[PDB]
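Take a look at the structure set out below.
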Amino acid sequence: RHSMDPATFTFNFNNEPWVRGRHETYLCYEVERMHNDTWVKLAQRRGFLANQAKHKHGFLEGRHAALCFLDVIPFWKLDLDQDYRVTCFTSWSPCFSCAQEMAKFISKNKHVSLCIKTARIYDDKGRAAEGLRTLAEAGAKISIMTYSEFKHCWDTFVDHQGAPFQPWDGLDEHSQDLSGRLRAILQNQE
DNA sequence: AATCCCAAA
Ligand SMILES: [Zn+2]
């Protein structure tokens, strides 16, 4: 569908750090090109997707959202001569294995600056922290989604039918708590 | 300390 279901958005992008029940991953993405020394939004290079769930017919092994995203980039046929900025708004941050695959991609495509903005930090059974450091080392800009970024995704990716963004309880405090943990992860303190 | 986990009951 063209726009995300609002209940799906609200459920999946809730940023209570230790909340239960989020066993899917959603990813919104947008692309900019550097032109006349400023980033310009590519209107048709944006969208959203979810993970291919384990046991889904036609993909019984599943496919994480980040991988599904890297899968669409070649079809953009990005000019190998231009600089691009690709921003992903992820409900869960990348697992170790998908962090490594994203790090390989930006190592191989130096004309792409990747920004990952995540609602929640995915622990990956203690393995994600080193994955995120490795992704940052490769040049990705990783941050915790804030109020204005949730609102941006509501306004521009969600099928809101005119309804304004309604922040959930604790959004800012959750964002700030996650930002401290992300900094600790990226500084190798966690 | 552990919480939490692109599910599994
Ligand atoms: Zn993954």
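Quick note on labels: first sequence line is chain A, next is B, and so on, each numbered from 1.
Within residues 93-103 of chain A, the residues that place at least one heavy atom under 4.0 Å from DNA chain B are, in residue-number order, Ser93(A), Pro94(A), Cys95(A).
Annotation: side-chain contact (heavy atoms from CB on, under 4.5 Å) contacts of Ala99(A) (sequence neighbours excluded): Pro94(A), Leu135(A). Checked against ring-ring contact (aromatic ring centres under 6.0 Å, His included), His174(A) has no partners two or more places apart in sequence or in another chain. Partners of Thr87(A) under the side chain to side chain donor-acceptor pair (under 3.5 Å) rule, at least two apart in sequence or in another chain, do not exist in this structure. Residues satisfying the salt bridge (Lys or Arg N to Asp or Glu O under 4.0 Å) criterion with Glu190(A), sequence neighbours excluded, are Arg181(A). Taking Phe69(A) as the reference, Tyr29(A), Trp76(A) meet the ring-ring contact (aromatic ring centres under 6.0 Å, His included) condition, with sequence neighbours excluded.
Sugar pucker annotation for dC5(B): south, assigned from a negative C1'-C2'-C3'-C4' dihedral.
Once you apply a 4.0 Å limit to the heavy atoms of chain A, the touched nucleotides of DNA chain B run 5' to 3' over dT3(B) to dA8(B).
Between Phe165(A) and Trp168(A), the ring planes are perpendicular. Angles over 60° get that label, and only those under 30° would be called parallel.
The residue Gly126(A) sits apart from the nucleic acid: no heavy atom pair falls under 4.0 Å.
Annotation: side-chain hydrogen bond (donor to acceptor under 3.5 Å, both in side chains) contacts involving residues 150-165 of chain A, sequence neighbours excluded, comprise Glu30(A)-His152(A), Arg46(A)-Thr156(A), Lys151(A)-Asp155(A).
Within the hydrophobic cluster formed by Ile, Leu, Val, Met, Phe, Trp and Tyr side chains joined at under 4.5 Å, directly or through other members, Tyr122(A) is accompanied by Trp92(A).
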